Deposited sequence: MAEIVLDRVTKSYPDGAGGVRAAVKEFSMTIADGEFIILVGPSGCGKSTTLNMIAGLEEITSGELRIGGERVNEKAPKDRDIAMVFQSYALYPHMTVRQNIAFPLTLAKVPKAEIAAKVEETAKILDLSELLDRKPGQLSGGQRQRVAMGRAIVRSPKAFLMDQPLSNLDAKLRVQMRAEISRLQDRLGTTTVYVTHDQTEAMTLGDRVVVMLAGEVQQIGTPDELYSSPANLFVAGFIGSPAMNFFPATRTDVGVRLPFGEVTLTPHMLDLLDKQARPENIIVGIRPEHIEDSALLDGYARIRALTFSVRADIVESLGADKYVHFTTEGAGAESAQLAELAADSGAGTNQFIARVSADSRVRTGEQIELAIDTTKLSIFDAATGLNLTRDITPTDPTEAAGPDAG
């Protein structure tokens, strides 16, 4: 049911889950997402019981439960390495929680057949987990976690050992199966695709402090940091240095004039000196198919196209613009995960665009869907 946990903290003898506080309501499909090495998984371990908590509650329902070991919580946790016993058979594996719960064997066989019907394990119930591939062993693990009908369903990065062609079908399967069962869930992940497709309220986590909590589309539109901004989205948002000219800003290319409302919202706090701007790769079109009123705010003069990935419904043009000022701590720890080089910028333009590799193309930003950030305190200024 409802898992409300407040002020939860960990202290490694160092501060990995500092001040975690919210309520995972009943029915949600929460998602803990963050770079590998943050408090995204220790939080799940502490919600399960495999580690000791320091402070705060974990009251699943109406009972403070941070003082127990898990046999009295009824929370199934499917592991990553598919921790399933290699000497029992698939039927015994899927049945083990029941046979420990002291239920007569007739209902055991009935429920096990029911679950193996929910999945595609119709015939495999007579083979050890040794003669099983990745996908079917993963499904055996998930079935073992389904049967008990617990309060929470604490998934732990289960889809990490599967081929890229199978992971998408598995994500659809997991989302539909959870929407069918409906019990509370959490899910520690690693990428933004898993976190934005199967998700009801994402939770970003950097070094322990929750960066932002909201519906995935609300993390997309109005990110309230630089990490939650340049983290989600496969073509990560482009970060351009910028210096407010007190009437506008002279971005590395163009003369964007900061339409009045955002200009005054920015002038509310003229504290920093290197307030950077983020132009999402979707919001960069070309001068070819831009006919209409949108030409006046195009800011297009020309840029070279280093690499043009023509992978179908969108041409990813890479390029570079010299300068300096994309220097912070948030951006640094966001680009330590993956390489942002120095000034490599990408932009996805339409498919009808006829562009070769290594030529001069006219890219155009639209100055109505850009976000301005602060390069010292790491916090969006447009919206939050």
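The chain's deposited sequence has unresolved stretches at 1, 15-20, 392-406, with no C-alpha coordinates there.
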